[PDB]
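J.: Input: one structure, supplied below.
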Amino acid sequence: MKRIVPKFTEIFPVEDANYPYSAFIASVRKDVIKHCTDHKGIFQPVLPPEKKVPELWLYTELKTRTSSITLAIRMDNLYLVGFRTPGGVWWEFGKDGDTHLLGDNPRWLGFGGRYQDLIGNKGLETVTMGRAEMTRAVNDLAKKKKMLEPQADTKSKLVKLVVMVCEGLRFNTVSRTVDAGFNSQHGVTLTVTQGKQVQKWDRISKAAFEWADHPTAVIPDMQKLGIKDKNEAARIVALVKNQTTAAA
């Protein structure tokens, strides 16, 4: 009826690091590229426009030693729209405004998904990423119920998961950062350049299109990150939003 069920779910044992993060992303990447379309002058696969009720969407489950979390990636945005607690409820990014995408009406996370939520003045880039912090984050999200006291703490844990996992599907840069770092005992710590550029994927999706018709343009938006070339963009990113064919 109103619920748009995902076809299947991709379940991933996080604790057993047998497969690299490169292979993890590659597996999901191949299937989403099938859904994307080409565009002239854009090497990167281009997403479809935003359907509210598509044919399907990407449902993924990160399962650790002790805990399980499902994350809902709408294929049309490749954004983490919502989540499943193992208590059998769902959550969605927003407040006082749910969507029937998560099946039955989810709860609301109350905030967005960026550094401005957690800290504002400081960056997110100080957060260590690694096997321990992923497992901790999954535990710390799995222990949630309809009410819990450390709202901001569980929120910072899901911010590192989205930047590692979801942005990783759109960004070879954070993918390879996490690939080298996840298997480490110390983990890795990102930088301001990576932190801001990944979450503002809209800036990538305009830059890639502006580089479409003009193969040697210079884009001041993207040059700030050291990315003066579409080649440099293509080896940093993986996928780009549906950009309507305006002018480039």
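Letters A, B, ... go to the chains of the structure tokens in the order shown; residues in each chain start at 1; ligands are counted from 1 in the same order.
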Using only C-alpha atoms, determine which residues lie at most 8 Å from residue 164 (chain A), disregarding the query and same-chain residues fewer than 2 positions distant; provide the list as an MDAnalysis selection string.
T.: chainID A and resid 129 160:162 166:168 174:175 178
J.: Please return as number ranges by chain: the residues of region 24-119 of chain A that backbone DSSP assigns to alpha helix (DSSP H).
T.: A: 24-35, 115-118
J.: Work out how far apart CA of residue 64 (chain A) and CA of residue 24 (chain A) are and give it in Å to one decimal.
T.: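 It comes out at 14.9 Å.
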J.: Find the residues around residue 217 (chain A) up to 12 Å (only C-alpha atoms counted), leave out those fewer than 6 positions away in its own chain, and share them as a PyMOL selection string.
T.: chain A and resi 207-211+223+227-231+248
J.: For the residues in the current selection, export N, CA and C atoms as a PDB file, in the first residue's frame.
T.:
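Contents of part-v4.pdb, freshly written:
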ATOM      1  N   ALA A 207      30.316  21.256  -9.870  1.00  0.00           N
ATOM      2  CA  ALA A 207      31.646  21.344 -10.471  1.00  0.00           C
ATOM      3  C   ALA A 207      31.793  20.350 -11.624  1.00  0.00           C
ATOM      4  N   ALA A 208      31.428  19.083 -11.405  1.00  0.00           N
ATOM      5  CA  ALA A 208      31.525  18.026 -12.411  1.00  0.00           C
ATOM      6  C   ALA A 208      30.736  18.388 -13.675  1.00  0.00           C
ATOM      7  N   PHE A 209      29.543  18.966 -13.507  1.00  0.00           N
ATOM      8  CA  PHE A 209      28.718  19.413 -14.620  1.00  0.00           C
ATOM      9  C   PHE A 209      29.327  20.633 -15.318  1.00  0.00           C
ATOM     10  N   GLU A 210      29.851  21.612 -14.580  1.00  0.00           N
ATOM     11  CA  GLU A 210      30.480  22.784 -15.186  1.00  0.00           C
ATOM     12  C   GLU A 210      31.732  22.374 -15.993  1.00  0.00           C
ATOM     13  N   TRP A 211      32.466  21.351 -15.537  1.00  0.00           N
ATOM     14  CA  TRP A 211      33.553  20.710 -16.278  1.00  0.00           C
ATOM     15  C   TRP A 211      33.080  19.814 -17.436  1.00  0.00           C
ATOM     16  N   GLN A 223      38.514  24.622  -6.699  1.00  0.00           N
ATOM     17  CA  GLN A 223      39.924  24.976  -6.564  1.00  0.00           C
ATOM     18  C   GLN A 223      40.323  25.170  -5.091  1.00  0.00           C
ATOM     19  N   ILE A 227      41.506  21.078  -5.929  1.00  0.00           N
ATOM     20  CA  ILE A 227      40.947  20.314  -7.041  1.00  0.00           C
ATOM     21  C   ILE A 227      40.743  21.299  -8.195  1.00  0.00           C
ATOM     22  N   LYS A 228      41.822  21.589  -8.927  1.00  0.00           N
ATOM     23  CA  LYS A 228      41.787  22.507 -10.070  1.00  0.00           C
ATOM     24  C   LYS A 228      41.373  21.813 -11.377  1.00  0.00           C
ATOM     25  N   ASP A 229      41.309  20.475 -11.402  1.00  0.00           N
ATOM     26  CA  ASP A 229      41.145  19.677 -12.620  1.00  0.00           C
ATOM     27  C   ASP A 229      39.980  18.719 -12.431  1.00  0.00           C
ATOM     28  N   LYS A 230      39.196  18.471 -13.485  1.00  0.00           N
ATOM     29  CA  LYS A 230      38.155  17.436 -13.460  1.00  0.00           C
ATOM     30  C   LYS A 230      38.731  16.041 -13.224  1.00  0.00           C
ATOM     31  N   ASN A 231      39.960  15.787 -13.683  1.00  0.00           N
ATOM     32  CA  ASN A 231      40.671  14.531 -13.430  1.00  0.00           C
ATOM     33  C   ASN A 231      40.877  14.340 -11.927  1.00  0.00           C
ATOM     34  N   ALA A 248      27.063  25.084 -18.871  1.00  0.00           N
ATOM     35  CA  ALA A 248      28.321  24.731 -18.229  1.00  0.00           C
ATOM     36  C   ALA A 248      29.411  25.639 -18.800  1.00  0.00           C
TER      37      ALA A 248
END
J.: Fewer than 6 positions away in the same chain doesn't count, so skip those; otherwise give me all residues within 9 Å of residue 81 (chain A), counting only C-alpha atoms, as a CSV table (one decimal) with C-alpha atoms, in the first residue's frame.
T.:
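Dumped everything to part11.csv:
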chain,number,residue,atom,x,y,z
A,71,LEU,CA,20.9,2.5,7.5
A,72,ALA,CA,18.6,3.7,4.7
A,73,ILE,CA,20.3,5.2,1.7
A,74,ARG,CA,17.7,6.6,-0.8
A,91,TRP,CA,14.3,7.1,12.8
A,92,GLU,CA,14.7,9.8,10.1
A,93,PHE,CA,16.8,13.0,9.8
A,101,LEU,CA,10.1,5.7,3.1
A,102,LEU,CA,11.3,3.8,6.2
J.: Step one, run DSSP on the backbone; step two, keep only residues of region 1-245 of chain A assigned to strand (DSSP E or B); then write them as a PyMOL selection string.
T.: chain A and resi 9-13+37-39+42-46+58-63+68-74+79-84+90-92+107-108+128-129+188-189+240
J.: For residue 25 (chain A), which residue among A:169, A:158, A:163, A:222 is the nearest when counting only C-alpha atoms?
T.: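 The answer is A:169, which sits nearest to residue 25 (chain A).
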J.: Quick one: everything within 6 Å of region 186-191 of chain A, counting only C-alpha atoms, minus sequence neighbours fewer than 5 positions away in the same chain. Send it as a ChimeraX atom specification.
T.: /A:125,128-130,181
J.: Save the residues we just selected, N, CA, C and O atoms, as a PDB file, in the first residue's frame?
T.:
ATOM      1  N   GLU A 125      36.466  17.280  12.122  1.00  0.00           N
ATOM      2  CA  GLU A 125      37.635  16.544  11.647  1.00  0.00           C
ATOM      3  C   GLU A 125      38.490  15.946  12.772  1.00  0.00           C
ATOM      4  O   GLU A 125      39.234  14.999  12.518  1.00  0.00           O
ATOM      5  N   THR A 128      38.402  10.682  15.587  1.00  0.00           N
ATOM      6  CA  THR A 128      39.125   9.511  15.104  1.00  0.00           C
ATOM      7  C   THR A 128      38.116   8.569  14.438  1.00  0.00           C
ATOM      8  O   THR A 128      36.982   8.429  14.913  1.00  0.00           O
ATOM      9  N   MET A 129      38.530   7.904  13.364  1.00  0.00           N
ATOM     10  CA  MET A 129      37.798   6.860  12.654  1.00  0.00           C
ATOM     11  C   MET A 129      38.633   5.587  12.786  1.00  0.00           C
ATOM     12  O   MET A 129      39.850   5.666  12.653  1.00  0.00           O
ATOM     13  N   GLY A 130      38.028   4.424  13.019  1.00  0.00           N
ATOM     14  CA  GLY A 130      38.767   3.165  13.136  1.00  0.00           C
ATOM     15  C   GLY A 130      37.827   2.039  13.527  1.00  0.00           C
ATOM     16  O   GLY A 130      36.670   2.310  13.845  1.00  0.00           O
ATOM     17  N   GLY A 181      42.707   3.276   7.432  1.00  0.00           N
ATOM     18  CA  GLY A 181      42.545   3.629   8.839  1.00  0.00           C
ATOM     19  C   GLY A 181      41.764   2.604   9.651  1.00  0.00           C
ATOM     20  O   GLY A 181      42.094   2.365  10.806  1.00  0.00           O
TER      21      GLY A 181
END
J.: At most 12 Å is the cut-off: for each residue in region 34-122 of chain A with any atom that close to an atom of region 10-23 of chain A, write down the nearest atom pair and the distance in Å rounded to one decimal, counting only C-alpha atoms, chain first then increasing number, as a Markdown table.
T.:
| residue | atom | partner | partner_atom | distance |
| --- | --- | --- | --- | --- |
| A:57 | CA | A:10 | CA | 11.3 |
| A:58 | CA | A:10 | CA | 8.1 |
| A:59 | CA | A:10 | CA | 6.5 |
| A:60 | CA | A:10 | CA | 4.7 |
| A:61 | CA | A:11 | CA | 4.5 |
| A:62 | CA | A:12 | CA | 5.2 |
| A:63 | CA | A:13 | CA | 4.9 |
| A:64 | CA | A:14 | CA | 5.1 |
| A:65 | CA | A:15 | CA | 5.8 |
| A:66 | CA | A:15 | CA | 9.3 |
| A:67 | CA | A:14 | CA | 10.0 |
| A:68 | CA | A:13 | CA | 9.2 |
| A:69 | CA | A:11 | CA | 9.6 |
| A:70 | CA | A:11 | CA | 8.5 |
| A:71 | CA | A:10 | CA | 10.1 |
| A:72 | CA | A:10 | CA | 10.8 |
| A:73 | CA | A:10 | CA | 11.4 |
J.: Emit the selected residues as a PDB file, in the first residue's frame, including N, CA and C atoms.
T.:
ATOM      1  N   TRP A  57      15.307   1.200  -2.993  1.00  0.00           N
ATOM      2  CA  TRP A  57      16.384   2.000  -2.419  1.00  0.00           C
ATOM      3  C   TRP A  57      17.380   1.067  -1.715  1.00  0.00           C
ATOM      4  N   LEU A  58      18.537   1.599  -1.307  1.00  0.00           N
ATOM      5  CA  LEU A  58      19.652   0.814  -0.784  1.00  0.00           C
ATOM      6  C   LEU A  58      19.477   0.708   0.731  1.00  0.00           C
ATOM      7  N   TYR A  59      19.146  -0.483   1.220  1.00  0.00           N
ATOM      8  CA  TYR A  59      19.050  -0.790   2.643  1.00  0.00           C
ATOM      9  C   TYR A  59      20.296  -1.605   2.990  1.00  0.00           C
ATOM     10  N   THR A  60      21.045  -1.170   3.999  1.00  0.00           N
ATOM     11  CA  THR A  60      22.336  -1.750   4.347  1.00  0.00           C
ATOM     12  C   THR A  60      22.345  -1.955   5.860  1.00  0.00           C
ATOM     13  N   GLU A  61      22.948  -3.037   6.353  1.00  0.00           N
ATOM     14  CA  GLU A  61      23.033  -3.348   7.773  1.00  0.00           C
ATOM     15  C   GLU A  61      24.495  -3.541   8.147  1.00  0.00           C
ATOM     16  N   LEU A  62      25.002  -2.700   9.046  1.00  0.00           N
ATOM     17  CA  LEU A  62      26.320  -2.877   9.636  1.00  0.00           C
ATOM     18  C   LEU A  62      26.109  -3.665  10.922  1.00  0.00           C
ATOM     19  N   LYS A  63      26.704  -4.854  11.006  1.00  0.00           N
ATOM     20  CA  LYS A  63      26.559  -5.776  12.128  1.00  0.00           C
ATOM     21  C   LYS A  63      27.933  -5.956  12.754  1.00  0.00           C
ATOM     22  N   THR A  64      28.093  -5.671  14.036  1.00  0.00           N
ATOM     23  CA  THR A  64      29.354  -5.799  14.755  1.00  0.00           C
ATOM     24  C   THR A  64      29.342  -7.088  15.591  1.00  0.00           C
ATOM     25  N   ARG A  65      30.334  -7.227  16.480  1.00  0.00           N
ATOM     26  CA  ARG A  65      30.445  -8.312  17.455  1.00  0.00           C
ATOM     27  C   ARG A  65      29.153  -8.490  18.264  1.00  0.00           C
ATOM     28  N   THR A  66      28.506  -7.381  18.640  1.00  0.00           N
ATOM     29  CA  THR A  66      27.457  -7.384  19.662  1.00  0.00           C
ATOM     30  C   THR A  66      26.151  -6.742  19.167  1.00  0.00           C
ATOM     31  N   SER A  67      26.181  -5.932  18.100  1.00  0.00           N
ATOM     32  CA  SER A  67      25.083  -5.030  17.765  1.00  0.00           C
ATOM     33  C   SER A  67      24.822  -5.016  16.257  1.00  0.00           C
ATOM     34  N   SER A  68      23.643  -4.542  15.854  1.00  0.00           N
ATOM     35  CA  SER A  68      23.225  -4.442  14.459  1.00  0.00           C
ATOM     36  C   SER A  68      22.544  -3.091  14.282  1.00  0.00           C
ATOM     37  N   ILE A  69      22.875  -2.357  13.218  1.00  0.00           N
ATOM     38  CA  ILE A  69      22.161  -1.143  12.832  1.00  0.00           C
ATOM     39  C   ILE A  69      21.870  -1.220  11.342  1.00  0.00           C
ATOM     40  N   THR A  70      20.653  -0.873  10.936  1.00  0.00           N
ATOM     41  CA  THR A  70      20.315  -0.730   9.527  1.00  0.00           C
ATOM     42  C   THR A  70      20.294   0.762   9.213  1.00  0.00           C
ATOM     43  N   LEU A  71      20.780   1.128   8.030  1.00  0.00           N
ATOM     44  CA  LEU A  71      20.854   2.489   7.526  1.00  0.00           C
ATOM     45  C   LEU A  71      20.170   2.491   6.161  1.00  0.00           C
ATOM     46  N   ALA A  72      19.398   3.542   5.893  1.00  0.00           N
ATOM     47  CA  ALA A  72      18.567   3.683   4.711  1.00  0.00           C
ATOM     48  C   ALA A  72      19.190   4.743   3.822  1.00  0.00           C
ATOM     49  N   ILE A  73      19.690   4.332   2.661  1.00  0.00           N
ATOM     50  CA  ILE A  73      20.301   5.201   1.669  1.00  0.00           C
ATOM     51  C   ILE A  73      19.295   5.299   0.520  1.00  0.00           C
TER      52      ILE A  73
END
